[PDB]
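Quick look at work_19.cif (mmCIF, C-alpha atoms and all ligand atoms):
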```
data_data
#
loop_
_atom_site.label_atom_id
_atom_site.label_comp_id
_atom_site.auth_asym_id
_atom_site.auth_seq_id
_atom_site.Cartn_x
_atom_site.Cartn_y
_atom_site.Cartn_z
CA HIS A 1 -113.54 47.10 88.94
CA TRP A 2 -114.91 46.14 85.49
CA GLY A 3 -115.57 42.48 84.63
CA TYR A 4 -118.24 40.18 83.16
CA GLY A 5 -120.66 39.84 86.14
CA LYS A 6 -124.24 41.23 86.54
CA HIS A 7 -122.89 44.23 88.47
CA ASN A 8 -119.69 45.07 86.51
CA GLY A 9 -120.21 43.52 83.05
CA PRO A 10 -120.30 45.08 79.56
CA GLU A 11 -123.56 47.10 80.11
CA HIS A 12 -121.76 48.92 83.02
CA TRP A 13 -118.43 49.69 81.31
CA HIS A 14 -119.50 53.04 79.79
CA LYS A 15 -119.68 54.61 83.30
CA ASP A 16 -115.82 54.38 83.71
CA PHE A 17 -115.05 54.13 79.92
CA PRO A 18 -117.40 56.45 78.04
CA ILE A 19 -115.79 55.45 74.67
CA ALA A 20 -117.84 52.22 75.21
CA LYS A 21 -120.63 54.06 73.28
CA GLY A 22 -118.12 55.40 70.64
CA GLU A 23 -118.20 55.33 66.81
CA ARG A 24 -115.82 52.34 66.25
CA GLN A 25 -116.46 49.81 69.06
CA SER A 26 -115.77 46.09 68.83
CA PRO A 27 -116.84 43.36 68.52
CA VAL A 28 -119.57 43.51 65.76
CA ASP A 29 -121.83 41.10 63.94
CA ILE A 30 -120.33 40.19 60.56
CA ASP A 31 -123.28 40.19 58.13
CA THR A 32 -121.72 37.98 55.42
CA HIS A 33 -124.21 39.17 52.75
CA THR A 34 -123.50 42.94 53.38
CA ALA A 35 -119.64 42.60 53.72
CA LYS A 36 -118.15 43.76 50.42
CA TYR A 37 -115.48 41.85 48.51
CA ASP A 38 -112.51 44.21 48.10
CA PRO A 39 -110.27 42.77 45.32
CA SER A 40 -107.63 45.46 46.26
CA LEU A 41 -107.06 43.72 49.69
CA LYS A 42 -103.75 41.81 49.86
CA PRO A 43 -103.23 38.31 51.17
CA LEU A 44 -102.37 38.43 54.85
CA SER A 45 -98.67 37.78 55.62
CA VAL A 46 -98.37 35.86 58.93
CA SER A 47 -94.64 35.48 59.71
CA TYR A 48 -94.47 33.47 62.98
CA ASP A 49 -91.46 31.13 62.29
CA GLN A 50 -89.15 33.16 64.69
CA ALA A 51 -91.86 33.76 67.36
CA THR A 52 -90.47 33.74 70.95
CA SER A 53 -93.18 32.97 73.57
CA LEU A 54 -92.14 33.86 77.13
CA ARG A 55 -94.93 33.45 79.65
CA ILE A 56 -98.61 32.71 80.28
CA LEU A 57 -100.56 35.01 82.70
CA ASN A 58 -104.06 34.77 84.23
CA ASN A 59 -104.92 38.54 84.32
CA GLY A 60 -108.35 38.10 85.99
CA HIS A 61 -110.29 38.45 82.64
CA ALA A 62 -108.49 35.88 80.37
CA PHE A 63 -105.05 34.28 80.07
CA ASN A 64 -102.43 35.88 77.86
CA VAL A 65 -99.56 34.06 76.16
CA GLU A 66 -96.92 36.77 75.89
CA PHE A 67 -94.14 37.09 73.31
CA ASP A 68 -90.79 38.90 73.04
CA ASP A 69 -91.81 41.92 70.92
CA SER A 70 -88.42 43.76 71.27
CA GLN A 71 -87.46 42.76 67.67
CA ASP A 72 -89.30 41.82 64.42
CA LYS A 73 -89.72 38.08 65.32
CA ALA A 74 -93.45 37.25 64.83
CA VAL A 75 -95.09 39.84 62.56
CA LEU A 76 -98.30 40.43 60.69
CA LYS A 77 -98.18 42.41 57.43
CA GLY A 78 -100.18 42.75 54.22
CA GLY A 79 -103.97 42.35 54.15
CA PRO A 80 -105.42 45.85 54.90
CA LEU A 81 -102.29 46.85 56.87
CA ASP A 82 -99.63 49.43 56.01
CA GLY A 83 -96.30 48.46 57.59
CA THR A 84 -95.22 45.87 60.14
CA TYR A 85 -97.19 44.75 63.22
CA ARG A 86 -95.42 42.78 65.99
CA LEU A 87 -97.12 39.97 67.94
CA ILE A 88 -97.19 40.83 71.68
CA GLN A 89 -99.77 38.37 73.09
CA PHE A 90 -102.67 36.09 72.28
CA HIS A 91 -105.66 35.26 74.45
CA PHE A 92 -109.17 33.82 74.08
CA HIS A 93 -112.79 34.64 74.97
CA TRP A 94 -115.11 31.73 75.70
CA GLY A 95 -118.52 30.70 77.00
CA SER A 96 -120.09 28.66 79.80
CA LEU A 97 -121.75 26.57 76.99
CA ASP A 98 -120.56 25.56 73.49
CA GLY A 99 -123.33 27.76 71.92
CA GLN A 100 -121.69 31.03 73.09
CA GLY A 101 -118.26 32.53 73.83
CA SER A 102 -117.10 34.41 70.69
CA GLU A 103 -117.09 38.20 70.57
CA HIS A 104 -117.59 38.58 66.81
CA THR A 105 -120.57 36.80 65.37
CA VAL A 106 -121.21 35.71 61.74
CA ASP A 107 -124.81 36.29 60.65
CA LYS A 108 -125.57 36.37 64.42
CA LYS A 109 -123.93 32.91 64.90
CA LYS A 110 -121.91 32.65 68.12
CA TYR A 111 -118.90 30.31 68.24
CA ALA A 112 -117.73 28.49 71.40
CA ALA A 113 -114.67 30.76 71.69
CA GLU A 114 -112.51 33.33 69.85
CA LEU A 115 -108.67 33.62 69.70
CA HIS A 116 -107.17 37.11 69.50
CA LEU A 117 -103.56 37.45 68.27
CA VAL A 118 -102.65 40.99 69.27
CA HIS A 119 -100.07 42.93 67.23
CA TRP A 120 -98.83 46.56 67.39
CA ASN A 121 -97.58 48.87 64.61
CA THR A 122 -93.74 49.22 64.87
CA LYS A 123 -93.85 52.82 63.63
CA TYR A 124 -95.16 53.77 67.15
CA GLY A 125 -92.16 52.20 68.94
CA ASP A 126 -94.05 50.44 71.80
CA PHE A 127 -97.48 49.00 72.59
CA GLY A 128 -98.36 51.81 75.07
CA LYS A 129 -97.88 54.42 72.29
CA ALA A 130 -99.59 52.25 69.61
CA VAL A 131 -102.90 51.95 71.58
CA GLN A 132 -103.17 55.80 71.40
CA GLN A 133 -103.25 55.69 67.53
CA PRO A 134 -106.19 54.84 65.21
CA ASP A 135 -103.89 52.40 63.32
CA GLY A 136 -101.87 51.24 66.34
CA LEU A 137 -102.99 47.61 66.67
CA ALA A 138 -103.93 44.74 64.38
CA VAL A 139 -105.87 41.92 66.06
CA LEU A 140 -106.21 38.63 64.17
CA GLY A 141 -109.39 36.93 65.33
CA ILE A 142 -110.03 33.22 64.86
CA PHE A 143 -113.28 31.44 65.75
CA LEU A 144 -113.26 28.16 67.74
CA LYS A 145 -115.92 25.50 67.25
CA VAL A 146 -116.22 22.32 69.30
CA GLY A 147 -115.40 19.14 67.34
CA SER A 148 -112.01 17.52 66.76
CA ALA A 149 -109.11 18.48 69.08
CA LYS A 150 -106.64 21.14 67.94
CA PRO A 151 -103.28 19.45 68.62
CA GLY A 152 -101.39 22.79 68.61
CA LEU A 153 -103.66 24.10 71.42
CA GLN A 154 -102.92 21.24 73.84
CA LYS A 155 -99.64 22.77 75.25
CA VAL A 156 -101.79 25.78 76.31
CA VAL A 157 -104.59 23.59 77.78
CA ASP A 158 -102.06 21.55 79.85
CA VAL A 159 -100.46 24.61 81.64
CA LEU A 160 -103.80 26.19 82.74
CA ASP A 161 -103.77 24.17 86.03
CA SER A 162 -100.66 26.20 87.01
CA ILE A 163 -102.36 29.64 86.40
CA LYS A 164 -105.80 28.89 87.81
CA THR A 165 -106.29 32.24 89.62
CA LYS A 166 -105.80 35.96 88.84
CA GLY A 167 -102.13 37.18 88.94
CA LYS A 168 -100.65 33.67 88.48
CA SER A 169 -98.06 33.30 85.66
CA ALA A 170 -95.92 30.47 84.38
CA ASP A 171 -92.95 30.18 82.03
CA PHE A 172 -94.25 29.31 78.52
CA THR A 173 -91.29 29.19 76.09
CA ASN A 174 -91.04 27.64 72.62
CA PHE A 175 -94.82 27.73 71.93
CA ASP A 176 -95.51 27.98 68.14
CA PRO A 177 -98.65 30.04 67.43
CA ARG A 178 -98.69 28.63 63.84
CA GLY A 179 -100.38 25.53 65.36
CA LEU A 180 -103.49 27.69 66.15
CA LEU A 181 -104.18 28.87 62.52
CA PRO A 182 -106.79 27.38 60.18
CA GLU A 183 -105.80 26.28 56.62
CA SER A 184 -107.31 29.38 54.91
CA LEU A 185 -106.27 33.00 55.68
CA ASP A 186 -109.46 34.39 53.99
CA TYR A 187 -110.67 37.23 56.22
CA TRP A 188 -113.03 40.08 56.97
CA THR A 189 -111.62 43.44 58.11
CA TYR A 190 -113.05 46.59 59.72
CA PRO A 191 -111.81 49.41 61.99
CA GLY A 192 -112.65 48.87 65.65
CA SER A 193 -111.54 48.82 69.25
CA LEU A 194 -110.18 46.86 72.13
CA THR A 195 -113.05 44.66 73.42
CA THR A 196 -112.10 45.20 77.10
CA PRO A 197 -111.57 48.44 78.99
CA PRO A 198 -110.10 50.82 78.15
CA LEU A 199 -111.96 50.05 74.87
CA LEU A 200 -109.53 52.25 72.85
CA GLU A 201 -110.39 52.73 69.15
CA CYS A 202 -106.91 51.65 67.93
CA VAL A 203 -107.61 48.29 66.21
CA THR A 204 -107.65 47.13 62.61
CA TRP A 205 -109.68 43.90 63.07
CA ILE A 206 -108.84 40.95 60.79
CA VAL A 207 -111.32 38.06 61.41
CA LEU A 208 -110.59 34.77 59.68
CA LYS A 209 -113.51 33.14 57.85
CA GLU A 210 -112.39 29.55 58.68
CA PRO A 211 -112.83 28.51 62.34
CA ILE A 212 -110.48 26.08 64.06
CA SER A 213 -111.95 22.97 65.73
CA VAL A 214 -111.11 22.25 69.42
CA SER A 215 -112.40 19.33 71.50
CA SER A 216 -115.05 19.50 74.22
CA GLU A 217 -112.25 18.54 76.68
CA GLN A 218 -109.99 21.47 75.53
CA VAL A 219 -112.69 24.18 76.05
CA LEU A 220 -113.85 22.43 79.30
CA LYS A 221 -110.30 23.14 80.63
CA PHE A 222 -110.68 26.86 79.72
CA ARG A 223 -113.82 26.86 81.94
CA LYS A 224 -111.95 25.57 85.04
CA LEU A 225 -109.94 28.80 85.23
CA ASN A 226 -110.91 31.43 87.86
CA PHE A 227 -111.58 35.19 87.57
CA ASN A 228 -110.71 35.50 91.28
CA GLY A 229 -107.34 35.52 93.05
CA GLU A 230 -106.14 32.62 95.21
CA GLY A 231 -107.96 32.57 98.58
CA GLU A 232 -110.89 34.63 97.15
CA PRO A 233 -114.35 33.11 96.52
CA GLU A 234 -114.19 30.90 93.39
CA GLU A 235 -115.84 32.37 90.30
CA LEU A 236 -115.33 30.36 87.11
CA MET A 237 -113.73 32.26 84.24
CA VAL A 238 -116.52 31.77 81.69
CA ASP A 239 -118.51 34.13 79.45
CA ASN A 240 -115.60 36.61 79.29
CA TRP A 241 -116.94 38.00 75.96
CA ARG A 242 -118.37 41.42 75.06
CA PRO A 243 -121.51 41.19 72.90
CA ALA A 244 -121.77 42.71 69.42
CA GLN A 245 -121.74 46.52 69.28
CA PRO A 246 -123.43 48.84 66.76
CA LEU A 247 -121.61 48.96 63.39
CA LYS A 248 -122.49 52.71 63.01
CA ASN A 249 -120.68 54.32 60.05
CA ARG A 250 -118.46 51.29 59.16
CA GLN A 251 -118.12 48.87 56.20
CA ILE A 252 -116.80 45.33 56.76
CA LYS A 253 -114.63 44.28 53.76
CA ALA A 254 -114.05 40.66 52.66
CA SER A 255 -110.73 39.44 51.17
CA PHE A 256 -112.71 36.70 49.31
CA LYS A 257 -115.81 36.07 47.14
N1 LIG B 301 -109.79 41.71 73.20
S1 LIG B 301 -108.74 42.53 72.39
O1 LIG B 301 -109.50 43.57 71.77
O2 LIG B 301 -107.95 41.69 71.57
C1 LIG B 301 -107.66 43.34 73.40
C2 LIG B 301 -108.12 44.07 74.53
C3 LIG B 301 -107.23 44.71 75.40
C4 LIG B 301 -105.88 44.67 75.19
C5 LIG B 301 -104.93 45.34 76.12
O3 LIG B 301 -103.76 45.36 75.81
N2 LIG B 301 -105.32 45.89 77.24
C6 LIG B 301 -104.76 45.52 78.52
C7 LIG B 301 -103.63 46.50 78.67
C8 LIG B 301 -104.12 47.93 78.70
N3 LIG B 301 -104.11 48.43 77.32
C9 LIG B 301 -104.08 49.92 77.24
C10 LIG B 301 -103.02 50.60 78.07
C11 LIG B 301 -103.39 51.74 78.82
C12 LIG B 301 -102.42 52.40 79.58
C13 LIG B 301 -101.09 51.93 79.60
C14 LIG B 301 -100.73 50.80 78.85
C15 LIG B 301 -101.69 50.13 78.08
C16 LIG B 301 -105.31 48.04 76.55
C17 LIG B 301 -106.22 47.00 77.24
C18 LIG B 301 -105.40 43.99 74.07
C19 LIG B 301 -106.29 43.38 73.17
ZN ZN B 302 -109.69 39.69 73.00
#
```
Would you mind writing the file's structure down as structure tokens?
Amino acid sequence: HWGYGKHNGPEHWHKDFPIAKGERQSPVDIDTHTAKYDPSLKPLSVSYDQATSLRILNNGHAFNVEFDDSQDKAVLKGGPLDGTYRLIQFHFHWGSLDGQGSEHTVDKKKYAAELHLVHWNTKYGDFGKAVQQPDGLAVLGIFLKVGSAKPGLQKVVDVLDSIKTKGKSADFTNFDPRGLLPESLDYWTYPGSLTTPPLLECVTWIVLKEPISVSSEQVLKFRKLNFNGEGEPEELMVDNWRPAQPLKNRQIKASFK
């Protein structure tokens, strides 16, 4: 099965997922000097006041915080998007060391981690249909640097002990994803893909310019999670990031000067 090890990591994925070498793969390096300011891009509309978190799951590659996406409760609109995208889950990618862990890079700079808030286009009715469309998903990406603690992350950090191993889940109600956002919603946007198999080319990527700060202790707790199932040999869940992929025939647009 695919993963992040020497034998099943990102350089292997193309053998089961040939779209790995496709024309719109993610993540990418964001060259801040070559990104073009698009004054036609709208402010992002992040409407998370009615968000309903349900559960947190260790899926063997990350943990997902899942949301009730059966009504317009937590939606992303505006920016480069046409129509209404519902929040279904967020998860993170992180490193074994503070100098690596993000999937996107900014002028080749790696951040300690990256948050992905995953949303699907309501005109396609469900997430399974949306991932089959070139405009099916909108993923809001937010960089994490190590510094001050992020208070709004701590409820996530404190439950991870209960989902240490693959297939473990825990109730995770009344979590407010607004506490994970930076002050600025300035962004870069480009068309891309899922960053894990099946690597579908269904994502409008929206990557915030402003990172959030998390403490060394918060990201240390991410690194105590396991890729393996209970009773299987312990392999720390670290370095669950795909490296930057070729930009090919794509332009990254900036919402800001
Ligand atoms: N890193 S990320 O780019 O933000 C990101 C990567 C993967 C997902 C994701 O949802 N998965 C797990 C589920 C399977 N689906 C596809 C599917 C194929 C057949 C029936 C149903 C769904 C896509 C991969 C989401 C976001
Ligand atoms: Zn992701």
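Counting only C-alpha atoms, the residue from A:36, A:21, A:155, A:93 that sits nearest to residue 143 (chain A) is A:93.
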Protein and nucleic acid residues within 6 Å of ligand LIG 301 (chain B) (all atoms listed in the file) as a VMD selection string
chain A and resid 116 118 128 139 194 to 198
Grab the CA of residue 52 (chain A) to CA of residue 68 (chain A) distance for me, in Å with one decimal place.
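Rounded to one decimal, the two atoms are 5.6 Å apart.
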Between A:165, A:122, A:174, A:215, single out the one closest to residue 231 (chain A), counting all atoms listed in the file.
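Checking each candidate against residue 231 (chain A), we get A:165 as the closest.
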Could you check which of A:222, A:120, A:187, A:241 is closest to ligand ZN 302 (chain B), using all atoms listed in the file?
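Among the listed residues, the smallest separation from ligand ZN 302 (chain B) belongs to A:241.
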Name the residues within 7 Å of (-117.7, 33.6, 76.6), counting all atoms listed in the file in the file's coordinates, and put them as a PDB file with C-alpha atoms, in the coordinates of the input.
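Writing done, so here's out.pdb:
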```pdb
ATOM      1  CA  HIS A  93    -112.790  34.640  74.970  1.00  0.00           C
ATOM      2  CA  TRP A  94    -115.110  31.730  75.700  1.00  0.00           C
ATOM      3  CA  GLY A  95    -118.520  30.700  77.000  1.00  0.00           C
ATOM      4  CA  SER A  96    -120.090  28.660  79.800  1.00  0.00           C
ATOM      5  CA  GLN A 100    -121.690  31.030  73.090  1.00  0.00           C
ATOM      6  CA  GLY A 101    -118.260  32.530  73.830  1.00  0.00           C
ATOM      7  CA  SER A 102    -117.100  34.410  70.690  1.00  0.00           C
ATOM      8  CA  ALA A 113    -114.670  30.760  71.690  1.00  0.00           C
ATOM      9  CA  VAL A 238    -116.520  31.770  81.690  1.00  0.00           C
ATOM     10  CA  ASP A 239    -118.510  34.130  79.450  1.00  0.00           C
ATOM     11  CA  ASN A 240    -115.600  36.610  79.290  1.00  0.00           C
ATOM     12  CA  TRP A 241    -116.940  38.000  75.960  1.00  0.00           C
TER      13      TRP A 241
END
```
Take the point (-109.3, 26.6, 87.8) in the file's coordinates, draw a sphere of radius 7 Å around it, and report as a PyMOL selection string every protein, DNA or RNA residue with an atom inside or on it, counting all atoms listed in the file.
chain A and resi 161+164-165+224-226
Based on the selection just made, write C-alpha atoms of those residues as a PDB file, keeping the file's coordinate frame.
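The result, stored in again.pdb:
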```pdb
ATOM      1  CA  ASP A 161    -103.770  24.170  86.030  1.00  0.00           C
ATOM      2  CA  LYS A 164    -105.800  28.890  87.810  1.00  0.00           C
ATOM      3  CA  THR A 165    -106.290  32.240  89.620  1.00  0.00           C
ATOM      4  CA  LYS A 224    -111.950  25.570  85.040  1.00  0.00           C
ATOM      5  CA  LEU A 225    -109.940  28.800  85.230  1.00  0.00           C
ATOM      6  CA  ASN A 226    -110.910  31.430  87.860  1.00  0.00           C
TER       7      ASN A 226
END
```
Tell me, as an NGL selection string, which residues lie within 10 Å of residue 255 (chain A), counting all atoms listed in the file; anything in the same chain fewer than 3 positions away does not count.
:A and (35-44 or 79-80 or 185-189 or 206 or 208-209)
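With CA of residue 229 (chain A) on one side and CA of residue 115 (chain A) on the other, the separation reads 23.5 Å.
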